[PDB]
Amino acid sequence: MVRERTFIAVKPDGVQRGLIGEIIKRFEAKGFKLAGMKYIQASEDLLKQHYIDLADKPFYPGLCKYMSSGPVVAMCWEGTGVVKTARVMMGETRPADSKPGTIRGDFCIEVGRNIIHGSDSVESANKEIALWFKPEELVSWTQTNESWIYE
């Protein structure tokens, strides 16, 4: 009944370049179930927490201001192996390492403008989802076509 969930974000360059629908469409088409979504400009402090494990890296300060400089689409998607499979659908961290067919492969060039975020582990997803959504903002429901996706 209840399956694995991950945190997915359309970054500000994704919003600005008009790729929200294209990204959602790819996840709907794959078979994953939307559990949460909101549209916000988050605080620099929230992003500092979101990327807390990278607080060490040189790019960290600039990253968090950039990721809070504009609206992002915050999402929670549900389905078997969704944390890892979402990463595959995105490509690699660097669009230059990303295959055609992937989101970053089809749409971006630079690492600092790679339009999308996804949790790198189940445990990360739990933190990120909790950081971005209140429990009551998460919708539990049953997709009608579930039995043609999961046996």
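All residue numbers are counted from 1 along the displayed sequence.
Taking the mean of the C-alpha B-factors per stretch from the entry, tell me the winner out of 103 to 111 and 120 to 128. Comparing averages over the C-alpha atoms only gives 120 to 128.
Of the two stretches 23 to 31 and 59 to 67, which shows the higher Cα B-factor on average in the entry? Mean CA B-factor is higher for 59 to 67.
Where the record places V82 (Cα B-factor, split into thirds across the chain): Middle third by C-alpha B-factor.
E136: which third of its chain by C-alpha temperature factor? Top third by C-alpha B-factor.
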